[PDB]
Amino acid sequence: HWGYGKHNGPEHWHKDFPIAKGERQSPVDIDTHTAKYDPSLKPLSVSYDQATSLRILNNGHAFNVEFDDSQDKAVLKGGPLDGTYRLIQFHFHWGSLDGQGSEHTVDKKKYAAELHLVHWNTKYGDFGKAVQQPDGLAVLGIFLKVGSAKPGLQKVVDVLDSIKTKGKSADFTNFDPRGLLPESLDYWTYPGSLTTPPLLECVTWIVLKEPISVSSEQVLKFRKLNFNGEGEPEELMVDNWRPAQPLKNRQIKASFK
Ligand SMILES: [Zn+2]
């Protein structure tokens, strides 16, 4: 099945998901000098105050924190978006070394990790129908830099031991995702895809300019997770990032001068 190793990694994905070679694939490198100020972009509207987190799951290539998406409780609007999108999950991708890990790059600079907050367009009724639509998903991408610890990440860090191996899940209530946001909400935006199978081209990407810092010891605990299931041989969960894909016929717009 697909993964991130030598024999089943991103260079092999096209064999089972030919959209891997499509026209609007993600991630991409963000060339800050050719991105375009768009003054018609509205500011982002992030409303996470009523968010209801449910649980945390090792799914064998990352770890997801899931949310109640049966009602408008944690929503994203504004920006380049038309309509309301509900938060369904967030996850991270990260590297084996501090100098790699992010999926998007900025002027070919790699960050230590990226946070992806996945939202779907309520217009379409359920998440399964949203992913079939050009404007079905909106993912908010946030870069992580190694520096001072991020307090609001620590509750995620401390539960990771209970979901070491693939398939394990733990109750994870009352987590507030506002602790993960940077100070500024300036961003770049472009149309893209999921970065993992099935790589559907259904995503409006919103990548924040400002990284958040986490400590060396927080990201170490990410790296002690396990791709394998319990009882299987131990593969450390690291380098679960897809390399940048050609921009082709797309333009990256910025919300800031
Ligand atoms: Zn992701």
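Throughout, numbering of the chain's residues begins at 1 and tracks the sequence. Keep in mind that the numbers below use all heavy atoms, side chains included, and drop hydrogens, waters and symmetry copies. Counting starts at 1 for both ligands and their atoms, following the listed order.
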Pairing of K155 and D158 as salt bridge, 4.0 angstrom limit
no
Enumerate the salt bridge (charged side-chain N to carboxylate O under 4.0 Å, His left out) contacts for residues 242-257, please, sequence neighbours excluded, ordered by first and then second residue.
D38-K253
Considering the Zn ion (ligand 1), could you give the total of protein N/O/S atoms lying closer than 2.8 Å?
3
Heavy atoms only: give me the nearest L144-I142 pair and the separation to one decimal.
CD1-O, 3.6 Å
When the ring planes of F222 and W94 are compared, do they come out parallel, tilted or perpendicular, using 30° and 60° as the limits?
tilted
Set of residues satisfying ring-ring contact (aromatic ring centres under 6.0 Å, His included) with respect to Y4, sequence neighbours excluded
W2, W13
Partners passing ring-ring contact (aromatic ring centres under 6.0 Å, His included) against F227 (at least two apart in sequence or in another chain)
none
